[PDB]
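One structure is given here, and the rest of the page talks about it.
Chains as they are written, first to last, in this note's numbering: chain A, 1 to 49; chain B, 50 to 98.
Listed below in structure tokens is the structure:
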């Protein structure tokens with residue numbers, strides 16, 4: 001049981017680090033959010049001009 | 050064995066939550082970001098036009 005669930009523990013920890021890497025990619029996605037909303041403000045400004 | 054289960058079962062719930070708000074919500078935000086990018090590209094095209 002120790003062997004099998006230690007393998008399972010290692011697998012779940014690797015999945016945890018994968019979740020952290022996808023969270024970093026999500027932070028990059030929010031950086032895209034803010035860049036796009038700034039560009040949207042600029043776009044609306046140019047459009048009303 | 051028990052503390053390693055709690056090291057894994059309480060890690061498995063961590064995987065579940067970080068996947069539903071860091072990998073699934075990541076995909077939802079990715080769809081939102083793609084929509085925003087396409088709409089801003091259309092906005093900039095209208096700007097130059």
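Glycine included, every Cβ here is placed at the ideal spot set by N, Cα and C.
Residue i to residue j span [Cα, whole Å]
i: residue 34 of chain B; j: residue 83 of chain B; result: In the structure as shown, chain B starts at 50 and stops at 98, and residue 34 of chain B therefore has no counterpart that could be examined.
i: residue 73 of chain B; j: residue 92 of chain B; result: 28 Å
i: residue 21 of chain A; j: residue 96 of chain B; result: 37 Å
i: residue 19 of chain A; j: residue 45 of chain A; result: 38 Å
i: residue 57 of chain B; j: residue 39 of chain A; result: 44 Å
i: residue 53 of chain B; j: residue 75 of chain B; result: 29 Å
i: residue 86 of chain B; j: residue 65 of chain B; result: 29 Å
i: residue 50 of chain B; j: residue 1 of chain A; result: 7 Å
Proximal residues of chain A, C-beta to C-beta of residue i below 8 Å
i: residue 52 of chain B; result: Here the premise fails: no neighbours, minimum Cβ distance about 11 Å.
i: residue 56 of chain B; result: 9
i: residue 93 of chain B; result: 39 and 43
Proximal chain B residues relative to residue i, where beta-carbon distance stays under 8 Å
i: residue 17 of chain A; result: Ordered by position in chain B, no residue passes the 8 Å Cβ test against residue 17 of chain A, which lies about 10 Å from the chain.
Under 9 Å by beta carbon: chain B residues contacting residue i
i: residue 34 of chain A; result: Simply none; closest approach about 11 Å.
Cross-chain neighbours of residue i in chain A, by beta carbon under 9 Å
i: residue 98 of chain B; result: Near residue 98 of chain B there are no residues of chain A at all, since even the closest Cβ is about 10 Å away, more than 9 Å.
Closer than 7 Å at the beta carbon, the chain A residues around residue i
i: residue 63 of chain B; result: 16
Beta carbon proximity, residue i to chain A, threshold 8 Å
i: residue 78 of chain B; result: yes
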